[PDB]
Amino acid sequence: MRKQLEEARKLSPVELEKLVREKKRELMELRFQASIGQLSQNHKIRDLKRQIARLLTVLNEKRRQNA
RNA sequence: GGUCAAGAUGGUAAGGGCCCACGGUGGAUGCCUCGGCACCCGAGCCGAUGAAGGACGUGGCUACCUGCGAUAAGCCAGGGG
């Protein structure tokens, strides 16, 4: 989903902020999932981490670029 | 064929010794390397933009060895394939 890469690029302020916050939370969800479905979940976890990692890398890009 | 007397040698292993037989432990060692050694060209400074160097981490399932450090079996862009 380098496409997600794009959406990332797109957002920015309290935007990217709240977006990453929520998503991270979703990953919490995952963590709890640690003992349920799990099977197709694997990705959701590794990746999800990765993706929020993206969000982050971005905020750095964005506001650091700013100041 | 039966009795006595006289004379000389006999096989009998508990275990043991020497020789061969087939194994057992013990690794020589013959050969064999992703390991050293010696030289010679290259190369030659890192550090608070908190270094060298370690502590505690994460890899869904992971004690350890690796790599990352909480954005942690790593996210970004560019050069390779």
# chains A, B, ... in the order shown; residues from 1 in each chain; ligands from 1
call {"tool": "residues_around", "arguments": {"residues": "residue A:40", "least_positions_apart": "6", "cutoff": "12 Å", "atoms": "only C-alpha atoms (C1' of nucleotides)", "output": "ChimeraX atom specification"}}
result
/A:30,33-34,46-47 /B:60
call {"tool": "write_last_selection", "arguments": {"atoms": "N, CA and C atoms (P, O5', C5', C4', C3', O3' and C1' of nucleotides)", "output": "PDB file, in the first residue's frame"}}
result
ATOM      1  N   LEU A  30      -5.429  -5.158  18.211  1.00  0.00           N
ATOM      2  CA  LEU A  30      -4.633  -6.302  17.802  1.00  0.00           C
ATOM      3  C   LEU A  30      -4.061  -7.033  19.027  1.00  0.00           C
ATOM      4  N   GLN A  33      -6.195  -9.073  20.525  1.00  0.00           N
ATOM      5  CA  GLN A  33      -6.465 -10.172  19.610  1.00  0.00           C
ATOM      6  C   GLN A  33      -5.459 -11.287  19.874  1.00  0.00           C
ATOM      7  N   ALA A  34      -4.288 -10.955  20.412  1.00  0.00           N
ATOM      8  CA  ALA A  34      -3.324 -12.012  20.766  1.00  0.00           C
ATOM      9  C   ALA A  34      -3.890 -13.105  21.699  1.00  0.00           C
ATOM     10  N   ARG A  46       1.858  -6.983  12.143  1.00  0.00           N
ATOM     11  CA  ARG A  46       3.163  -6.513  11.666  1.00  0.00           C
ATOM     12  C   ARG A  46       3.022  -5.262  10.843  1.00  0.00           C
ATOM     13  N   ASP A  47       2.141  -5.378   9.887  1.00  0.00           N
ATOM     14  CA  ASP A  47       1.904  -4.332   8.959  1.00  0.00           C
ATOM     15  C   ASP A  47       1.420  -3.137   9.717  1.00  0.00           C
TER      16      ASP A  47
ATOM     17  P     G B  60       5.992 -10.255  15.864  1.00  0.00           P
ATOM     18  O5'   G B  60       4.590 -10.993  15.945  1.00  0.00           O
ATOM     19  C5'   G B  60       3.538 -10.469  16.731  1.00  0.00           C
ATOM     20  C4'   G B  60       2.592 -11.574  17.110  1.00  0.00           C
ATOM     21  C3'   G B  60       3.217 -12.722  17.886  1.00  0.00           C
ATOM     22  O3'   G B  60       3.251 -12.462  19.282  1.00  0.00           O
ATOM     23  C1'   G B  60       1.868 -13.587  16.141  1.00  0.00           C
TER      24        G B  60
END
call {"tool": "closest_atom_pairs", "arguments": {"of": "chain A", "to": "chain B", "cutoff": "9 Å", "atoms": "only C-alpha atoms (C1' of nucleotides)", "output": "JSON lines"}}
result
{"residue": "A:34", "atom": "CA", "partner": "B:60", "partner_atom": "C1'", "distance": 7.1}
{"residue": "A:38", "atom": "CA", "partner": "B:60", "partner_atom": "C1'", "distance": 6.8}
{"residue": "A:39", "atom": "CA", "partner": "B:60", "partner_atom": "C1'", "distance": 8.2}
{"residue": "A:41", "atom": "CA", "partner": "B:60", "partner_atom": "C1'", "distance": 7.8}
{"residue": "A:42", "atom": "CA", "partner": "B:60", "partner_atom": "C1'", "distance": 5.4}
{"residue": "A:43", "atom": "CA", "partner": "B:60", "partner_atom": "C1'", "distance": 8.7}
{"residue": "A:45", "atom": "CA", "partner": "B:60", "partner_atom": "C1'", "distance": 7.7}
{"residue": "A:46", "atom": "CA", "partner": "B:60", "partner_atom": "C1'", "distance": 8.5}
{"residue": "A:49", "atom": "CA", "partner": "B:71", "partner_atom": "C1'", "distance": 7.8}
{"residue": "A:50", "atom": "CA", "partner": "B:75", "partner_atom": "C1'", "distance": 5.8}
{"residue": "A:51", "atom": "CA", "partner": "B:75", "partner_atom": "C1'", "distance": 7.0}
{"residue": "A:52", "atom": "CA", "partner": "B:71", "partner_atom": "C1'", "distance": 6.6}
{"residue": "A:53", "atom": "CA", "partner": "B:71", "partner_atom": "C1'", "distance": 3.9}
{"residue": "A:54", "atom": "CA", "partner": "B:75", "partner_atom": "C1'", "distance": 4.6}
{"residue": "A:55", "atom": "CA", "partner": "B:71", "partner_atom": "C1'", "distance": 7.9}
{"residue": "A:56", "atom": "CA", "partner": "B:71", "partner_atom": "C1'", "distance": 5.5}
{"residue": "A:57", "atom": "CA", "partner": "B:75", "partner_atom": "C1'", "distance": 6.1}
{"residue": "A:58", "atom": "CA", "partner": "B:76", "partner_atom": "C1'", "distance": 8.2}
{"residue": "A:61", "atom": "CA", "partner": "B:76", "partner_atom": "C1'", "distance": 8.8}
call {"tool": "atom_distance", "arguments": {"atom1": "atom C1' of residue B:48", "atom2": "atom CA of residue A:62"}}
result
26.8 Å
call {"tool": "closest_residue", "arguments": {"among": "A:37, A:12, A:5, A:31", "to": "residue A:64", "atoms": "only C-alpha atoms"}}
result
A:12
call {"tool": "select_by_dssp", "arguments": {"residues": "stretch 7-45 of chain A", "states": "alpha helix (DSSP H)", "output": "number ranges by chain"}}
result
A: 7-10, 14-33, 41-45
call {"tool": "residues_around", "arguments": {"residues": "residue B:58", "least_positions_apart": "5", "cutoff": "9 Å", "atoms": "only C-alpha atoms (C1' of nucleotides)", "output": "MDAnalysis selection string"}}
result
chainID B and resid 68:70 72:73
call {"tool": "atom_distance", "arguments": {"atom1": "atom CA of residue A:14", "atom2": "atom CA of residue A:26"}}
result
17.9 Å
call {"tool": "decode", "arguments": {"residues": "stretch 45-63 of chain A", "atoms": "N, CA, C and O atoms", "output": "PDB file, in the first residue's frame"}}
result
ATOM      1  N   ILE A  45      -1.193  -7.118  12.370  1.00  0.00           N
ATOM      2  CA  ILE A  45      -0.247  -6.672  13.378  1.00  0.00           C
ATOM      3  C   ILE A  45       1.078  -6.135  12.806  1.00  0.00           C
ATOM      4  O   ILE A  45       1.368  -4.939  12.927  1.00  0.00           O
ATOM      5  N   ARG A  46       1.858  -6.983  12.143  1.00  0.00           N
ATOM      6  CA  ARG A  46       3.163  -6.513  11.666  1.00  0.00           C
ATOM      7  C   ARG A  46       3.022  -5.262  10.843  1.00  0.00           C
ATOM      8  O   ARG A  46       3.619  -4.215  11.089  1.00  0.00           O
ATOM      9  N   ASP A  47       2.141  -5.378   9.887  1.00  0.00           N
ATOM     10  CA  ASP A  47       1.904  -4.332   8.959  1.00  0.00           C
ATOM     11  C   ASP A  47       1.420  -3.137   9.717  1.00  0.00           C
ATOM     12  O   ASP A  47       2.100  -2.153   9.756  1.00  0.00           O
ATOM     13  N   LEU A  48       0.277  -3.243  10.373  1.00  0.00           N
ATOM     14  CA  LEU A  48      -0.300  -2.131  11.116  1.00  0.00           C
ATOM     15  C   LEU A  48       0.800  -1.355  11.818  1.00  0.00           C
ATOM     16  O   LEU A  48       0.858  -0.113  11.764  1.00  0.00           O
ATOM     17  N   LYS A  49       1.676  -2.087  12.491  1.00  0.00           N
ATOM     18  CA  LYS A  49       2.776  -1.408  13.128  1.00  0.00           C
ATOM     19  C   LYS A  49       3.405  -0.612  11.989  1.00  0.00           C
ATOM     20  O   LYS A  49       3.298   0.614  11.955  1.00  0.00           O
ATOM     21  N   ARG A  50       3.991  -1.316  11.021  1.00  0.00           N
ATOM     22  CA  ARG A  50       4.641  -0.653   9.889  1.00  0.00           C
ATOM     23  C   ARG A  50       3.955   0.638   9.461  1.00  0.00           C
ATOM     24  O   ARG A  50       4.576   1.683   9.424  1.00  0.00           O
ATOM     25  N   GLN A  51       2.662   0.546   9.149  1.00  0.00           N
ATOM     26  CA  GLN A  51       1.819   1.650   8.686  1.00  0.00           C
ATOM     27  C   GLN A  51       1.835   2.838   9.635  1.00  0.00           C
ATOM     28  O   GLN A  51       2.051   3.981   9.208  1.00  0.00           O
ATOM     29  N   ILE A  52       1.614   2.589  10.919  1.00  0.00           N
ATOM     30  CA  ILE A  52       1.653   3.703  11.842  1.00  0.00           C
ATOM     31  C   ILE A  52       3.057   4.273  11.812  1.00  0.00           C
ATOM     32  O   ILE A  52       3.243   5.480  11.958  1.00  0.00           O
ATOM     33  N   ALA A  53       4.042   3.391  11.631  1.00  0.00           N
ATOM     34  CA  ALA A  53       5.446   3.794  11.513  1.00  0.00           C
ATOM     35  C   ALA A  53       5.493   4.849  10.421  1.00  0.00           C
ATOM     36  O   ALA A  53       6.150   5.880  10.565  1.00  0.00           O
ATOM     37  N   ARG A  54       4.833   4.536   9.306  1.00  0.00           N
ATOM     38  CA  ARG A  54       4.691   5.446   8.181  1.00  0.00           C
ATOM     39  C   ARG A  54       4.197   6.767   8.784  1.00  0.00           C
ATOM     40  O   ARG A  54       4.977   7.716   8.897  1.00  0.00           O
ATOM     41  N   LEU A  55       2.928   6.791   9.227  1.00  0.00           N
ATOM     42  CA  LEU A  55       2.290   8.007   9.793  1.00  0.00           C
ATOM     43  C   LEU A  55       3.293   8.883  10.516  1.00  0.00           C
ATOM     44  O   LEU A  55       3.393  10.098  10.303  1.00  0.00           O
ATOM     45  N   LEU A  56       4.022   8.226  11.403  1.00  0.00           N
ATOM     46  CA  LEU A  56       5.055   8.848  12.203  1.00  0.00           C
ATOM     47  C   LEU A  56       6.137   9.503  11.318  1.00  0.00           C
ATOM     48  O   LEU A  56       6.264  10.752  11.299  1.00  0.00           O
ATOM     49  N   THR A  57       6.869   8.665  10.574  1.00  0.00           N
ATOM     50  CA  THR A  57       7.921   9.121   9.672  1.00  0.00           C
ATOM     51  C   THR A  57       7.374  10.413   9.088  1.00  0.00           C
ATOM     52  O   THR A  57       8.045  11.446   9.084  1.00  0.00           O
ATOM     53  N   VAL A  58       6.119  10.366   8.641  1.00  0.00           N
ATOM     54  CA  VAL A  58       5.501  11.545   8.056  1.00  0.00           C
ATOM     55  C   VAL A  58       5.488  12.714   8.999  1.00  0.00           C
ATOM     56  O   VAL A  58       6.166  13.677   8.729  1.00  0.00           O
ATOM     57  N   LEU A  59       4.761  12.655  10.111  1.00  0.00           N
ATOM     58  CA  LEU A  59       4.748  13.831  10.965  1.00  0.00           C
ATOM     59  C   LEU A  59       6.122  14.425  11.058  1.00  0.00           C
ATOM     60  O   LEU A  59       6.260  15.655  11.033  1.00  0.00           O
ATOM     61  N   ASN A  60       7.141  13.568  11.161  1.00  0.00           N
ATOM     62  CA  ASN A  60       8.490  14.104  11.225  1.00  0.00           C
ATOM     63  C   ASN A  60       8.720  14.923   9.974  1.00  0.00           C
ATOM     64  O   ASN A  60       9.073  16.093  10.048  1.00  0.00           O
ATOM     65  N   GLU A  61       8.542  14.283   8.829  1.00  0.00           N
ATOM     66  CA  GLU A  61       8.690  14.950   7.547  1.00  0.00           C
ATOM     67  C   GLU A  61       8.021  16.320   7.584  1.00  0.00           C
ATOM     68  O   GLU A  61       8.674  17.342   7.462  1.00  0.00           O
ATOM     69  N   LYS A  62       6.717  16.314   7.834  1.00  0.00           N
ATOM     70  CA  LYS A  62       5.866  17.496   7.854  1.00  0.00           C
ATOM     71  C   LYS A  62       6.299  18.634   8.772  1.00  0.00           C
ATOM     72  O   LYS A  62       6.764  19.686   8.328  1.00  0.00           O
ATOM     73  N   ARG A  63       6.216  18.415  10.068  1.00  0.00           N
ATOM     74  CA  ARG A  63       6.531  19.521  10.932  1.00  0.00           C
ATOM     75  C   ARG A  63       8.013  19.861  11.020  1.00  0.00           C
ATOM     76  O   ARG A  63       8.368  21.024  11.215  1.00  0.00           O
TER      77      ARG A  63
END
